[PDB]
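A.B. asks: One structure, as structure tokens, below. Some questions next.
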Amino acid sequence: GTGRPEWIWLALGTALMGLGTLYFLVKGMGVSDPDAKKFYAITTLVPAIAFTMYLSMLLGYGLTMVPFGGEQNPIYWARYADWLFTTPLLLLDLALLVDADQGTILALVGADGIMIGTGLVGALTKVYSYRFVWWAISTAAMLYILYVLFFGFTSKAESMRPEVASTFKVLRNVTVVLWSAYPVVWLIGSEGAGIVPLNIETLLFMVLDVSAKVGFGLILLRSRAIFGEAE
Ligand SMILES: CCCCCCCC/C=C/CCCCCCCC(=O)OC[C@H](O)CO
Ligand SMILES: CCCCCCCC/C=C\CCCCCCCC(=O)OC[C@H](O)CO
Ligand SMILES: CCCCCCCC/C=C\CCCCCCCC(=O)OC[C@H](O)CO
Ligand SMILES: CCCCCCCC/C=C\CCCCCCCC(=O)OC[C@H](O)CO
Ligand SMILES: CCCCCCCC/C=C\CCCCCCCC(=O)OC[C@H](O)CO
Ligand SMILES: *C/C=C(C)/C=C/C=C(C)/C=C/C1=C(C)CCCC1(C)C
């Protein structure tokens with residue numbers, strides 16, 4: 001375990017996702033409003049899944065070796081299993097906040113599946129140049145998601161309760177900034193051009209993950225927007 005220099009960041013990420021899970025679980029104890037229950041369920045599941053996958057990387061299960069560029073490169077595949085389930089859950093939190101139509105939700109979740117699935121194929125591809133073909137397709141899927149969040153969701157939120165509009169705007173801005181950093185880290189890190197070493201890459205993903213899951217959830221679950229309008 002400690003033989004890998006990045007272990008300290010995997011351990012800290014495990015601890016922070018675990019603590020985030022427990023906090024959201026206790027905070028949601030006793031909430032009875034059915035609308036608020038939806039948001040607590042979605043938002044608590046996100047760090048719980050990430051906890052299990054950080055733990056699997058810490059213990060060494062979620063790591064494989066991929067040959068490319070004449071070397072055996074360590075690839076943490078467990079990240080993609082986490083993101084496959086947690087990134088559509090985070091998009092569902094945003095879509096439910098603005099009462100998105102069903103067709104738009106399907107488009108978002110489908111594009112997200114394509115983004116993570118092609119990222120995984122790129123991470124495991126043995127022909128070096130082809131890794132960047134998959135990165136470009138995945139990045140195009142991400143740009144579709146970001147477009148919808150700005151030129152689809154923002155338009156509907158502005159016609160809803162003011163507390164829904166303001167909370168959405170903040171969570172939208174947090175999401176766009178944090179999610180856009182992931183393709184950059186991948187491209188310059190061990191999966192891509194290899195300019196940043198794996199230990200620093202692991203630190204960067206851990207800061208992004210904790211911010212995009214526990215930070216996001218703290219903003220959402222402290223908002224009055226998750227409760228129905230009632231007397
Ligand atoms: C919110 C409060 C928390 C604030 C925290 C946010 C900081 C996020 C971390 C960033 C990257 C820093 C990585 C450290 C730099 C290591 C690079 C290095 O030293 O490599 C030298 C090499 O030997 C010769 O080039
Ligand atoms: C050190 C602590 C480690 C961290 C803990 C280990 C994580 C894996 C454990 C459990 C799944 C528990 C349930 C996860 C689902 C929670 C959903 C929820 O809370 O739903 C609220 C809603 O209001 C209901 O109607
Ligand atoms: C609303 C959506 C609900 C979503 C709830 C789903 C959460 C499941 C999470 C985690 C366990 C990780 C499972 C990862 C499976 C890896 C098994 C595998 O393929 O291993 C192959 C072997 O290691 C050859 O290398
Ligand atoms: C493997 C990746 C895919 C599986 C991972 C799970 C990701 C989240 C699940 C589903 C989106 C499907 C559409 C669900 C949107 C329905 C929300 C809605 O419009 O409201 C319906 C409700 O009946 C009103 O009361
Ligand atoms: C819209 C928000 C999301 C946008 C996300 C897409 C951004 C893509 C950016 C840049 C490509 C820059 C490529 C630079 C890579 C050159 C690496 C190289 O070969 O240089 C070797 C090294 O510099 C010698 O030490
Ligand atoms: C909880 C973790 C989050 C919000 C992770 C988000 C991940 C991404 C937006 C990943 C994007 C990628 C690309 C657009 C191309 C290169 C490969 C990925 C998967 C890193």
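The count begins at 1 with the first shown residue.
For all residues, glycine too, the Cβ spot is worked out from N, Cα and C.
I grabbed these lines from Swiss-Prot:
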| type | residues | note |
| --- | --- | --- |
| MOD_RES | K213 | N6-(retinylidene)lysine |
| SITE | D82 | site 'Primary proton acceptor' |
| TOPO_DOM | 27-40 | topological domain 'Cytoplasmic' |
| TOPO_DOM | 60-76 | topological domain 'Extracellular' |
| TOPO_DOM | 94-104 | topological domain 'Cytoplasmic' |
| TOPO_DOM | 125-131 | topological domain 'Extracellular' |
| TOPO_DOM | 152-169 | topological domain 'Cytoplasmic' |
| TOPO_DOM | 189-200 | topological domain 'Extracellular' |
| TRANSMEM | 7-26 | transmembrane segment |
| TRANSMEM | 41-59 | transmembrane segment |
| TRANSMEM | 77-93 | transmembrane segment |
| TRANSMEM | 105-124 | transmembrane segment |
| TRANSMEM | 132-151 | transmembrane segment |
| TRANSMEM | 170-188 | transmembrane segment |
| TRANSMEM | 201-220 | transmembrane segment |
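Neighbours and distances for these, please.
C.D. replies: Within 10 Å of the Cβ of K213 (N6-(retinylidene)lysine) there are 27 other Cβ atoms, across all protein chains.
Sequence-distant contacts (6 or more apart, same chain, Cβ under 8 Å) of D82 (site 'Primary proton acceptor') comprise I49, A50, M53, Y54.
Within the same chain, residues 93, 96-97, 220-221, 226-228, 230 sit at least 6 positions outside the topological domain 'Cytoplasmic' (27-40) and bring their C-beta atoms closer than 8 Å to a C-beta of that stretch.
For the topological domain 'Extracellular' (60-76), residue counts in helix, strand and coil come to 0 helix, 12 strand, 5 coil, using DSSP.
DSSP labels the residues of the topological domain 'Cytoplasmic' (94-104) in these numbers: 7 helix, 0 strand, 4 coil.
Listed as Cβ neighbours of the topological domain 'Extracellular' (125-131) (distance under 8 Å, sequence separation of 6 or more from its ends, same chain) are residues 66-69, 191-192.
Mapped onto DSSP classes, the topological domain 'Cytoplasmic' (152-169) shows 14 helix, 0 strand, 4 coil.
Counting same-chain residues at least six beyond the ends of the topological domain 'Extracellular' (189-200), those with a Cβ under 8 angstroms from any Cβ of the stretch are 5-6, 9, 69, 73-75, 122-123, 131-132, 135.
When Cβ-Cβ distances below 8 Å are used as the criterion, the transmembrane segment (41-59) is approached by residues 1, 7, 10-11, 13-14, 17-18, 20-21, 24-25, 28, 76, 78-79, 81-82, 85-86, 89-90, 92-93, 96, 209, 213-214, 216-217, 220-221 of the same chain, each at least six residues removed from its ends.
Long-range contacts of the transmembrane segment (170-188) within the same chain, counting only residues at least 6 positions beyond its ends with a Cβ under 8 Å from a Cβ of the stretch, are 90, 93-94, 97, 119, 123, 132, 135, 138-139, 142, 145-146, 149-150, 153-154, 195-196, 201, 204-205, 208, 211-212, 215-216, 219-220.
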A.B. asks: Can you name the far-off residues of the same chain, 6+ from the ends of the transmembrane segment (77-93), with a Cβ under 8 Å from a Cβ of it?
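C.D. replies: Non-local partners: 39, 42-43, 45-46, 49-50, 53-54, 56-57, 61-64, 105, 108-109, 112-113, 115-117, 119-120, 123-124, 145, 171, 175, 205, 212-213, 216, 220.
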A.B. asks: Counting each residue once, how many in the topological domain 'Extracellular' (125-131) are helix, strand and coil under DSSP?
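C.D. replies: Per-class counts: 4 helix, 0 strand, 3 coil.
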